[PDB]
Amino acid sequence: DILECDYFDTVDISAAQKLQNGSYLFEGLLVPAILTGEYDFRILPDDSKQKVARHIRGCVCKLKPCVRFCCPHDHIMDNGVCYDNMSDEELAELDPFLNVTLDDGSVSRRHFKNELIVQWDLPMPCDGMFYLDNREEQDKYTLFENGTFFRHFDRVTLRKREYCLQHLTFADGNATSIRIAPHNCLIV
(Lines give C-alpha, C1' and ligand atoms only; values in the text may rest on other atoms or scores of the structure.)
Protein backbone atom coordinates (compact mmCIF):
# COMPACT_ATOMS: atom_id res chain seq x y z
CA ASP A 1 0.00 0.00 0.00
CA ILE A 2 2.29 2.75 1.29
CA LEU A 3 4.32 4.48 -1.48
CA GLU A 4 7.41 2.68 -2.79
CA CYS A 5 7.75 0.94 0.58
CA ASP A 6 8.35 -2.81 0.66
CA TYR A 7 5.97 -4.63 2.99
CA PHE A 8 8.39 -6.33 5.38
CA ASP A 9 9.74 -2.85 6.11
CA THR A 10 6.53 -1.82 7.84
CA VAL A 11 5.00 -2.14 11.30
CA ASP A 12 1.58 -2.21 13.00
CA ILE A 13 1.31 1.37 14.27
CA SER A 14 -2.40 1.25 15.08
CA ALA A 15 -1.06 1.87 18.58
CA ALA A 16 1.08 4.92 17.85
CA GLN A 17 -0.05 8.45 18.74
CA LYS A 18 -1.66 10.43 15.91
CA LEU A 19 -0.27 13.97 15.70
CA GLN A 20 -1.88 17.20 14.50
CA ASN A 21 0.08 17.77 11.27
CA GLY A 22 -1.23 14.37 10.17
CA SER A 23 1.98 12.49 10.96
CA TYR A 24 2.27 9.94 13.76
CA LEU A 25 4.24 9.50 16.95
CA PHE A 26 5.33 5.92 17.64
CA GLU A 27 7.55 4.71 20.48
CA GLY A 28 9.27 8.08 20.52
CA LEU A 29 9.82 7.61 16.79
CA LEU A 30 8.11 10.13 14.50
CA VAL A 31 6.61 8.41 11.48
CA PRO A 32 6.05 11.05 8.79
CA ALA A 33 2.40 10.94 7.70
CA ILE A 34 3.41 10.36 4.08
CA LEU A 35 5.01 6.98 4.96
CA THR A 36 2.02 5.62 6.89
CA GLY A 37 -0.74 3.66 5.22
CA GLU A 38 -3.85 1.60 5.84
CA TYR A 39 -3.88 -2.12 5.10
CA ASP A 40 -6.55 -4.76 4.65
CA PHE A 41 -3.94 -7.37 3.81
CA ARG A 42 -0.83 -9.08 5.14
CA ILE A 43 1.39 -10.88 2.65
CA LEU A 44 2.07 -14.59 3.04
CA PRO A 45 5.13 -16.87 2.73
CA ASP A 46 3.81 -18.11 -0.62
CA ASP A 47 3.48 -14.34 -0.91
CA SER A 48 -0.07 -13.37 -1.76
CA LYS A 49 -2.48 -10.93 -0.13
CA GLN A 50 -4.53 -12.35 2.71
CA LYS A 51 -7.37 -10.22 4.16
CA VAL A 52 -6.88 -8.50 7.53
CA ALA A 53 -8.48 -5.83 9.70
CA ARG A 54 -8.13 -2.26 8.41
CA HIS A 55 -4.94 -1.57 10.38
CA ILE A 56 -2.72 1.46 9.71
CA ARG A 57 0.94 0.54 9.26
CA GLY A 58 4.27 2.36 9.30
CA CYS A 59 7.24 2.02 6.97
CA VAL A 60 9.58 2.79 9.90
CA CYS A 61 12.44 0.48 8.88
CA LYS A 62 13.50 3.44 6.69
CA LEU A 63 13.57 5.90 9.60
CA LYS A 64 15.42 3.66 12.09
CA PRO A 65 17.19 0.28 11.57
CA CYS A 66 15.15 -2.91 11.84
CA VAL A 67 15.72 -6.55 12.83
CA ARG A 68 13.68 -9.12 10.91
CA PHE A 69 12.30 -11.38 13.67
CA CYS A 70 10.32 -14.62 13.25
CA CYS A 71 8.39 -14.36 16.53
CA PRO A 72 8.05 -11.65 19.24
CA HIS A 73 10.94 -10.57 21.49
CA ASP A 74 10.54 -12.95 24.46
CA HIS A 75 9.94 -15.97 22.22
CA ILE A 76 12.59 -18.65 21.74
CA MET A 77 12.83 -20.46 18.46
CA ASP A 78 12.60 -24.23 18.82
CA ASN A 79 13.08 -26.19 15.62
CA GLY A 80 11.51 -23.44 13.52
CA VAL A 81 8.50 -23.32 15.85
CA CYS A 82 7.71 -20.12 17.74
CA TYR A 83 7.89 -20.97 21.43
CA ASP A 84 6.88 -18.69 24.33
CA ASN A 85 8.18 -20.51 27.41
CA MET A 86 11.38 -18.65 28.22
CA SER A 87 11.92 -18.75 31.99
CA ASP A 88 13.28 -15.88 34.07
CA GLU A 89 16.59 -17.76 33.96
CA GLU A 90 16.95 -18.19 30.20
CA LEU A 91 16.02 -14.55 29.54
CA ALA A 92 18.71 -13.63 32.06
CA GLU A 93 21.16 -15.67 30.00
CA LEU A 94 20.53 -14.59 26.39
CA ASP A 95 23.16 -12.73 24.38
CA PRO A 96 20.93 -9.88 23.18
CA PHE A 97 23.56 -8.52 20.76
CA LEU A 98 23.85 -9.27 17.04
CA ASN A 99 26.78 -8.17 14.93
CA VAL A 100 25.60 -5.89 12.13
CA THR A 101 27.77 -4.45 9.35
CA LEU A 102 27.17 -0.72 8.87
CA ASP A 103 27.36 1.14 5.55
CA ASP A 104 31.06 1.89 6.06
CA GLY A 105 31.88 -1.82 6.12
CA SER A 106 32.83 -2.14 9.80
CA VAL A 107 31.06 -4.23 12.44
CA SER A 108 29.26 -2.88 15.50
CA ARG A 109 27.62 -4.71 18.43
CA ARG A 110 23.91 -3.81 18.73
CA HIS A 111 21.28 -4.63 21.36
CA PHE A 112 18.62 -6.67 19.58
CA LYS A 113 15.74 -4.75 21.15
CA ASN A 114 17.10 -1.35 22.29
CA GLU A 115 19.33 0.00 19.51
CA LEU A 116 16.93 -1.44 16.94
CA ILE A 117 13.24 -1.88 16.10
CA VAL A 118 11.90 -5.41 16.61
CA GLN A 119 9.51 -6.48 13.84
CA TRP A 120 7.47 -9.53 14.81
CA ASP A 121 4.19 -9.48 12.83
CA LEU A 122 5.91 -10.43 9.55
CA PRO A 123 4.89 -13.82 8.04
CA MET A 124 7.23 -16.80 8.40
CA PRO A 125 9.76 -16.93 5.53
CA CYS A 126 8.76 -20.61 5.06
CA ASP A 127 7.53 -23.64 7.03
CA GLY A 128 10.33 -25.88 8.29
CA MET A 129 13.29 -23.50 8.39
CA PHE A 130 16.94 -24.30 8.89
CA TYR A 131 18.67 -22.11 11.45
CA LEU A 132 22.36 -21.14 11.15
CA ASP A 133 25.35 -21.51 13.44
CA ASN A 134 28.15 -19.15 12.42
CA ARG A 135 30.47 -21.02 14.79
CA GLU A 136 30.70 -23.24 11.72
CA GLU A 137 32.49 -21.73 8.70
CA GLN A 138 29.64 -22.86 6.45
CA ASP A 139 27.01 -21.07 8.53
CA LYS A 140 28.91 -17.76 8.38
CA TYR A 141 26.88 -14.69 7.42
CA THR A 142 26.63 -10.89 7.39
CA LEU A 143 23.50 -9.12 8.60
CA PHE A 144 23.49 -5.45 7.59
CA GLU A 145 21.70 -2.55 9.27
CA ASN A 146 19.49 -2.06 6.23
CA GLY A 147 18.37 -5.67 6.71
CA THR A 148 20.10 -7.31 3.73
CA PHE A 149 20.91 -10.80 4.88
CA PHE A 150 24.02 -12.13 3.14
CA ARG A 151 25.20 -15.72 3.50
CA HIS A 152 28.88 -16.52 3.02
CA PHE A 153 28.57 -20.15 2.07
CA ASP A 154 26.80 -19.64 -1.26
CA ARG A 155 27.22 -15.87 -1.69
CA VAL A 156 23.43 -15.45 -1.77
CA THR A 157 21.56 -12.32 -0.70
CA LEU A 158 18.24 -12.56 1.09
CA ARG A 159 15.56 -9.86 1.36
CA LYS A 160 13.59 -9.80 4.63
CA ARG A 161 10.82 -11.83 2.99
CA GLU A 162 13.41 -14.62 2.90
CA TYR A 163 14.90 -14.61 6.43
CA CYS A 164 14.34 -13.83 10.12
CA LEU A 165 16.38 -13.90 13.32
CA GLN A 166 15.19 -15.37 16.60
CA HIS A 167 16.42 -16.49 19.99
CA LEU A 168 17.69 -20.05 19.60
CA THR A 169 19.01 -22.57 22.12
CA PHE A 170 22.46 -23.87 21.19
CA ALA A 171 24.77 -26.51 22.65
CA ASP A 172 28.19 -25.66 24.11
CA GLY A 173 29.11 -29.33 23.91
CA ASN A 174 27.96 -30.42 27.37
CA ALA A 175 26.16 -27.15 28.17
CA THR A 176 23.46 -24.87 26.77
CA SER A 177 23.49 -21.23 25.63
CA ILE A 178 21.03 -18.99 23.77
CA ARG A 179 22.15 -16.62 21.02
CA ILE A 180 20.14 -14.99 18.22
CA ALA A 181 20.53 -17.10 15.11
CA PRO A 182 19.33 -16.46 11.57
CA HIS A 183 16.91 -18.84 9.88
CA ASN A 184 16.92 -19.40 6.11
CA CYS A 185 14.64 -21.26 3.71
CA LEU A 186 16.13 -24.40 2.27
CA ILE A 187 13.57 -24.02 -0.48
CA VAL A 188 11.37 -20.91 -0.95
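What is reported rests on the model, the rules as stated and the sources as named; no laboratory instrument gave them. As a convention, Cβ positions derive from the backbone with ideal geometry for all residues, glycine included, and neighbour counts pool all protein chains shown.
Structural remarks
- Members of the range 1-48 found to be among the hydroxyl-bearing types (S, T, Y) and in a strand (DSSP E or B), listed by number: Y24, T36, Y39
- Checked against (1) surrounded by 14 or more Cβ atoms within 10 Å (Cβ to Cβ); (2) part of a loop (DSSP other than H, G, I, E, B); (3) of a type in the set (A, V, I, L, M, F, W, C), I187 passes all but a single condition, namely (1).
- If you go through the range 116-135 and keep only what is under 13 Å from the mean Cα position of the chain (by Cα) and of a type in the set (D, E), you end up with just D121.
- Qualifying position, being charged (D, E, K, R), more than 14 Å from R179 (Cα to Cα) and touching a helix residue (DSSP H, G or I) at 6+ places or on another chain (Cβ under 6 Å), among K140, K160: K160
- Failed item in (1) under 25 Å from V11 (Cα atoms); (2) surrounded by fewer than 17 Cβ atoms within 10 Å (Cβ to Cβ); (3) of a type in the set (D, E, K, R), with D133 passing the rest: (1)
- For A92, the criteria (1) of a type in the set (A, V, I, L, M); (2) closer than 16 Å to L122 by Cα; (3) assigned by CATH to the domain that holds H183 hold in every case but one, which is (2).
- Filtered by the rule that a residue be free of Cβ contacts under 8 Å to residues at least 12 places away in the same chain and either farther than 24 Å from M86 by Cβ or among the hydroxyl-bearing types (S, T, Y) (or both), the range 142-175 gives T148, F150, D154, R155, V156, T157.
- From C61, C126, residue being in a loop (DSSP other than H, G, I, E, B) and either touching a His at 6+ places or on another chain (Cβ under 7 Å) or buried (at least 17 other Cβ atoms within 10 Å of the Cβ) (or both): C126
- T157 passes every criterion in (1) over 20 Å from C71 (Cβ atoms); (2) in a loop (DSSP other than H, G, I, E, B) apart from (2).
- Counting the residues of the range 109-120 that are farther than 16 Å from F26 by Cα and either in contact (Cβ under 8 Å) with a residue 60 or more places away in the chain or in contact with a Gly (Cβ under 6 Å, 6 or more places away or on another chain) (or both) gives 1.
- Single residue of the range 157-184 satisfying the filter (surrounded by fewer than 18 Cβ atoms within 10 Å (Cβ to Cβ) and among the hydrophobic types (A, V, I, L, M, F, W, C)) that is nearest to the chain's Cα centre (by Cα): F170
- All told, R109 falls short of being among the basic types (K, R) and assigned to a loop (DSSP other than H, G, I, E, B).
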